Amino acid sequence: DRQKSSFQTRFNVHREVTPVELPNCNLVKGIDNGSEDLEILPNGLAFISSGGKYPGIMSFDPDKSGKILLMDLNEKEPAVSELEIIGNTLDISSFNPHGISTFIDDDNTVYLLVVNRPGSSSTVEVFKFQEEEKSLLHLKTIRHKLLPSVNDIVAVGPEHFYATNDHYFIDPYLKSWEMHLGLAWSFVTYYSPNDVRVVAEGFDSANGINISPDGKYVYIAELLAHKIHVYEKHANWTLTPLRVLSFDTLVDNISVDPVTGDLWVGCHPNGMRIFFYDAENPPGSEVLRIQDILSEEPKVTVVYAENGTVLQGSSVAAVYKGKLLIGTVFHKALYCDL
């Protein structure tokens, strides 16, 4: 079949991980049920989305709740704490976080945007971060017909963001059929209070999304195409294609380093192991650094790679002052000397 061929191309089924080691990597105590996305502020506080659940993805603790965790990366051996969500505008029993993003106001108010999928429906929750009290003040729940199945967002103001949708459909049965057939109907939305538009479409599962430090480019990961799309971001928020980068791995969430502009990318080398879990054959981990992404030949380095004997299912990676923090879809988190 032509379909069985493109299926085992999309899920990269023949792929094995040549190890790339780091000598001082330590599992973060307290993270056992996922750390699928994370973001580090310029002051070294890192937010971690944890406990999220997906229909069909593995879970070691099904009654576990979704949590936003805090980590101070300026500490020597940093520990995670669960952030308290306060407010009355949000149903916490169904809180099921996925991608996250931050925005820092001119007053230095910190806003956290959190992709929420309570049930089959999909929202974006915006919180105010209260560092002293170590809490998240809920502000708003954002819902839209152009946000059917949000995977990750990148904030550009307190309720302004680009959002990936990893499926066109909302219903989980059609969702898996969509994903199995490879329709590639997932798309990217710009959301703002006064204006909500599709800015790109035709993606075979758009996952991570991020922005360059100067605002001029947007990066979008296409999981099952193994591609990172680079877009020019215009003053009217529309996007025009620029580069497409290709890899031998499923690219998941994208972090951008503020100083260099470098991309750090959490990857699933073999899509079968991450989608059809099997304890005797667990998914591995791979972290990519991407430099000089606008130039003729961009520099791609594998900074860390492993078959899962330590860390299973890396989905996000970010660096801070010599340290590398790696998160997983549903497993642990690895803190590493670079």
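From 1 onward, residues are counted along the sequence shown.
Stretch comparison (30-38 versus 53-61) by mean CA B-factor in the PDB entry places 53-61 on top. With 309-317 and 277-285 compared on mean CA B-factor from the PDB entry, the stretch scoring higher is 277-285. Within the group 261, 172, 157, 97, the record's highest C-alpha temperature factor is found at 172. The maximum CA B-factor among the listed residues 194, 210, 102, 189, taken from the PDB record, is found at 194. When the modelled residues of the chain are ordered by their C-alpha B factor, residue 327 lands in the lowest third. In the deposited entry, the Cα temperature factor of residue 119 places it in the highest third of its chain's modelled residues. Among all modelled residues in this chain, the alpha-carbon of residue 78 has a temperature factor (C-alpha) in the highest third. In this PDB entry, the Cα temperature factor of residue 185 sits in the top third of its chain's modelled residues, the highest group.
Residue 140 sits in the middle third of its chain by CA B factor, as recorded in the PDB entry.
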